[PDB]
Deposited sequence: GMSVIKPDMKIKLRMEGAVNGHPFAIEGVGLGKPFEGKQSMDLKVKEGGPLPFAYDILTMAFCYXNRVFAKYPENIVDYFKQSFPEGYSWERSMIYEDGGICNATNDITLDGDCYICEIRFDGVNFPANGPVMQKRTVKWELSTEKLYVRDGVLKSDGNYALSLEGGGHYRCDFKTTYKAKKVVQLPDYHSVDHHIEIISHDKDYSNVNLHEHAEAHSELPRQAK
(Lines of atoms letter the chains of each structure in order from A and count residues from 1; the text may use other names and numbers.)
(Lines give C-alpha, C1' and ligand atoms only; values in the text may rest on other atoms or scores of the structure.)
Protein backbone atom coordinates (compact mmCIF):
# COMPACT_ATOMS: atom_id res chain seq x y z
CA UNK A 1 0.00 0.00 0.00
CA UNK A 2 1.89 3.01 1.34
CA UNK A 3 5.21 1.19 1.74
CA UNK A 4 4.93 -0.42 -1.72
CA UNK A 5 6.10 2.24 -4.19
CA UNK A 6 5.97 1.91 -8.00
CA UNK A 7 9.78 1.67 -8.27
CA UNK A 8 11.78 -0.17 -5.62
CA UNK A 9 15.33 -1.42 -5.24
CA UNK A 10 16.69 -4.92 -4.54
CA UNK A 11 19.79 -6.10 -2.68
CA UNK A 12 20.50 -9.80 -2.29
CA UNK A 13 23.17 -12.36 -1.46
CA UNK A 14 22.98 -16.08 -2.19
CA UNK A 15 25.25 -18.68 -0.62
CA UNK A 16 25.04 -22.32 -1.50
CA UNK A 17 26.50 -25.41 -3.07
CA UNK A 18 25.82 -27.74 -6.00
CA UNK A 19 27.14 -31.32 -5.77
CA UNK A 20 29.33 -30.14 -2.89
CA UNK A 21 30.82 -27.16 -4.78
CA UNK A 22 30.27 -23.97 -2.70
CA UNK A 23 29.67 -20.51 -4.13
CA UNK A 24 28.27 -17.07 -3.35
CA UNK A 25 26.53 -14.52 -5.54
CA UNK A 26 25.55 -10.92 -4.83
CA UNK A 27 23.00 -8.89 -6.73
CA UNK A 28 21.45 -5.45 -7.02
CA UNK A 29 18.37 -4.58 -9.00
CA UNK A 30 15.26 -2.51 -9.57
CA UNK A 31 11.66 -3.55 -9.91
CA UNK A 32 8.13 -2.31 -10.49
CA UNK A 33 5.87 -4.15 -8.03
CA UNK A 34 2.52 -3.18 -9.59
CA UNK A 35 3.62 -3.91 -13.16
CA UNK A 36 5.19 -7.25 -12.20
CA UNK A 37 8.61 -6.51 -13.71
CA UNK A 38 12.11 -6.59 -12.27
CA UNK A 39 15.70 -6.53 -13.44
CA UNK A 40 18.91 -7.35 -11.59
CA UNK A 41 22.69 -7.56 -12.03
CA UNK A 42 24.37 -10.55 -10.36
CA UNK A 43 28.09 -11.07 -9.67
CA UNK A 44 29.72 -14.34 -8.62
CA UNK A 45 31.82 -13.50 -5.55
CA UNK A 46 33.11 -16.96 -4.56
CA UNK A 47 33.37 -20.35 -6.22
CA UNK A 48 33.67 -19.11 -9.81
CA UNK A 49 33.64 -20.07 -12.57
CA UNK A 50 30.48 -21.97 -11.74
CA UNK A 51 30.72 -25.58 -13.00
CA UNK A 52 26.93 -25.89 -13.50
CA UNK A 53 24.21 -24.36 -15.64
CA UNK A 54 23.26 -20.92 -14.33
CA UNK A 55 19.58 -21.50 -15.20
CA UNK A 56 19.02 -23.62 -12.07
CA UNK A 57 19.63 -20.49 -9.96
CA UNK A 58 17.47 -17.85 -11.63
CA UNK A 59 14.05 -18.49 -10.06
CA UNK A 60 15.74 -18.31 -6.63
CA UNK A 61 16.95 -14.79 -7.47
CA UNK A 62 10.12 -12.48 -4.72
CA UNK A 63 6.44 -12.59 -5.64
CA UNK A 64 5.89 -8.97 -4.61
CA UNK A 65 7.04 -8.34 -8.20
CA UNK A 66 3.88 -9.67 -9.87
CA UNK A 67 0.87 -7.93 -11.38
CA UNK A 68 -2.21 -8.76 -9.28
CA UNK A 69 -5.72 -7.84 -10.47
CA UNK A 70 -8.33 -6.23 -8.20
CA UNK A 71 -10.20 -9.50 -7.63
CA UNK A 72 -7.32 -11.62 -6.26
CA UNK A 73 -5.97 -11.19 -2.74
CA UNK A 74 -2.27 -10.25 -2.85
CA UNK A 75 -0.56 -12.18 -0.04
CA UNK A 76 2.82 -10.64 -0.83
CA UNK A 77 2.20 -6.90 -0.93
CA UNK A 78 0.20 -7.17 2.31
CA UNK A 79 3.11 -8.75 4.18
CA UNK A 80 5.34 -5.66 4.12
CA UNK A 81 7.11 -3.83 5.67
CA UNK A 82 7.82 -6.87 7.88
CA UNK A 83 8.06 -9.21 4.89
CA UNK A 84 8.01 -12.93 4.33
CA UNK A 85 10.19 -15.97 3.73
CA UNK A 86 9.91 -18.99 1.49
CA UNK A 87 11.15 -22.57 1.42
CA UNK A 88 11.39 -24.44 -1.87
CA UNK A 89 12.18 -27.85 -3.31
CA UNK A 90 13.03 -28.35 -6.98
CA UNK A 91 12.94 -31.94 -8.19
CA UNK A 92 14.51 -32.52 -11.61
CA UNK A 93 13.49 -35.53 -13.70
CA UNK A 94 16.98 -37.11 -13.66
CA UNK A 95 17.21 -37.11 -9.85
CA UNK A 96 18.94 -33.77 -9.21
CA UNK A 97 17.24 -32.05 -6.27
CA UNK A 98 17.67 -28.46 -5.12
CA UNK A 99 16.47 -26.95 -1.84
CA UNK A 100 16.38 -23.23 -1.22
CA UNK A 101 15.20 -20.62 1.24
CA UNK A 102 14.87 -16.87 0.98
CA UNK A 103 14.28 -14.40 3.79
CA UNK A 104 12.95 -11.07 2.52
CA UNK A 105 12.92 -7.83 4.50
CA UNK A 106 12.37 -4.22 3.49
CA UNK A 107 14.74 -1.39 4.42
CA UNK A 108 13.30 1.90 3.23
CA UNK A 109 12.56 1.30 -0.46
CA UNK A 110 14.97 -1.65 -0.80
CA UNK A 111 14.09 -5.33 -0.49
CA UNK A 112 16.81 -7.26 1.33
CA UNK A 113 17.06 -10.91 0.31
CA UNK A 114 19.11 -13.62 2.00
CA UNK A 115 19.13 -16.84 -0.03
CA UNK A 116 20.46 -20.34 0.69
CA UNK A 117 20.59 -22.77 -2.26
CA UNK A 118 21.66 -26.42 -2.13
CA UNK A 119 21.60 -28.93 -5.00
CA UNK A 120 22.70 -32.57 -4.94
CA UNK A 121 22.70 -35.69 -7.14
CA UNK A 122 23.07 -33.98 -10.54
CA UNK A 123 24.66 -36.58 -12.87
CA UNK A 124 28.02 -35.70 -14.35
CA UNK A 125 26.81 -36.19 -17.95
CA UNK A 126 23.41 -34.52 -17.45
CA UNK A 127 22.41 -31.15 -18.89
CA UNK A 128 23.17 -29.17 -15.67
CA UNK A 129 26.79 -30.22 -15.16
CA UNK A 130 27.38 -30.16 -18.95
CA UNK A 131 25.76 -26.68 -19.24
CA UNK A 132 23.45 -27.34 -22.17
CA UNK A 133 20.32 -25.55 -21.00
CA UNK A 134 18.97 -22.73 -23.18
CA UNK A 135 16.10 -21.16 -21.24
CA UNK A 136 13.06 -21.77 -19.04
CA UNK A 137 9.73 -22.00 -20.80
CA UNK A 138 6.87 -19.81 -19.56
CA UNK A 139 6.04 -21.14 -16.08
CA UNK A 140 2.59 -21.31 -14.50
CA UNK A 141 2.68 -21.34 -10.69
CA UNK A 142 -0.53 -22.58 -8.98
CA UNK A 143 -1.03 -21.18 -5.45
CA UNK A 144 -3.24 -22.65 -2.71
CA UNK A 145 -3.63 -22.28 1.06
CA UNK A 146 -2.85 -25.11 3.46
CA UNK A 147 -2.46 -24.97 7.27
CA UNK A 148 -2.69 -21.20 7.26
CA UNK A 149 0.27 -20.59 4.92
CA UNK A 150 0.51 -20.21 1.16
CA UNK A 151 1.81 -23.09 -0.96
CA UNK A 152 2.46 -23.40 -4.67
CA UNK A 153 3.39 -26.01 -7.26
CA UNK A 154 4.71 -25.85 -10.79
CA UNK A 155 5.64 -28.26 -13.61
CA UNK A 156 8.46 -26.34 -15.32
CA UNK A 157 10.74 -27.09 -18.25
CA UNK A 158 14.18 -26.04 -19.44
CA UNK A 159 14.69 -26.31 -23.18
CA UNK A 160 18.00 -27.92 -24.04
CA UNK A 161 20.74 -27.37 -26.58
CA UNK A 162 19.99 -29.73 -29.46
CA UNK A 163 16.31 -29.92 -28.52
CA UNK A 164 14.11 -31.59 -25.98
CA UNK A 165 13.02 -30.39 -22.57
CA UNK A 166 14.34 -31.02 -19.07
CA UNK A 167 11.49 -31.17 -16.56
CA UNK A 168 11.55 -29.92 -12.96
CA UNK A 169 8.78 -29.85 -10.33
CA UNK A 170 8.73 -26.85 -7.95
CA UNK A 171 7.19 -26.93 -4.46
CA UNK A 172 7.19 -23.68 -2.47
CA UNK A 173 5.86 -22.61 0.93
CA UNK A 174 5.45 -18.87 1.57
CA UNK A 175 5.34 -17.61 5.18
CA UNK A 176 4.34 -14.02 5.93
CA UNK A 177 5.91 -12.58 9.09
CA UNK A 178 2.58 -11.06 10.15
CA UNK A 179 -1.08 -11.97 9.79
CA UNK A 180 -2.44 -11.10 6.35
CA UNK A 181 -5.54 -12.04 4.39
CA UNK A 182 -5.18 -15.41 2.65
CA UNK A 183 -6.00 -15.64 -1.07
CA UNK A 184 -8.13 -18.16 -2.90
CA UNK A 185 -6.64 -20.59 -5.42
CA UNK A 186 -4.98 -18.78 -8.31
CA UNK A 187 -2.14 -18.83 -10.84
CA UNK A 188 0.89 -16.69 -11.62
CA UNK A 189 2.50 -16.82 -15.08
CA UNK A 190 6.28 -16.19 -14.98
CA UNK A 191 8.65 -15.24 -17.80
CA UNK A 192 12.30 -15.26 -16.75
CA UNK A 193 15.19 -14.49 -19.09
CA UNK A 194 18.95 -14.07 -18.88
CA UNK A 195 19.39 -10.78 -20.75
CA UNK A 196 23.17 -10.48 -20.66
CA UNK A 197 26.12 -12.53 -19.46
CA UNK A 198 29.87 -12.60 -19.76
CA UNK A 199 32.28 -15.48 -20.47
CA UNK A 200 31.54 -17.75 -17.51
CA UNK A 201 28.29 -16.17 -16.23
CA UNK A 202 30.25 -14.38 -13.50
CA UNK A 203 28.24 -11.27 -14.46
CA UNK A 204 24.57 -11.74 -15.40
CA UNK A 205 21.63 -9.43 -15.93
CA UNK A 206 18.33 -11.15 -15.20
CA UNK A 207 14.80 -10.05 -16.05
CA UNK A 208 11.45 -11.33 -14.78
CA UNK A 209 7.87 -10.57 -15.81
CA UNK A 210 4.94 -12.01 -13.85
CA UNK A 211 1.14 -11.63 -13.72
CA UNK A 212 -1.54 -13.38 -11.68
CA UNK A 213 -4.88 -14.61 -12.97
CA UNK A 214 -7.77 -16.79 -11.85
CA UNK A 215 -10.04 -17.16 -14.93
Which parts of the deposited sequence have no C-alpha atoms in the model?
1, 63-65, 220-225
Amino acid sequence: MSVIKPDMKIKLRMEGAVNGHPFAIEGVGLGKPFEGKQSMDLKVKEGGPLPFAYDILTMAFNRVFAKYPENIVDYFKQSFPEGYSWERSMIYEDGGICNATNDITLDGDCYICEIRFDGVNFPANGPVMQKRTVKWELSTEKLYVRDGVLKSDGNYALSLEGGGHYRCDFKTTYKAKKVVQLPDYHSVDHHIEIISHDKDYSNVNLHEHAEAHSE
From here on, numbers count along this sequence of modelled residues.
On mean C-alpha B-factor from the PDB entry, just flag whether 167-175 or 26-34 is the higher one.
26-34
Mean temperature factor over C-alpha atoms, higher-scoring stretch between 94-102 and 124-132:
124-132
Cα B factor band for residue 74 (lowest, middle or highest third within the chain):
middle
Divide the modelled residues of the chain into thirds by Cα B-factor and specify which third, lowest, middle or highest, holds residue 65.
highest
Should residue 189 be placed in the lowest, middle or highest third of its chain by the C-alpha B factor in the entry?
highest
With respect to C-alpha B-factor, does residue 83 fall in the lowest, middle or highest third of the chain as deposited?
middle
Third of chain Cα B-factors occupied by residue 113
middle
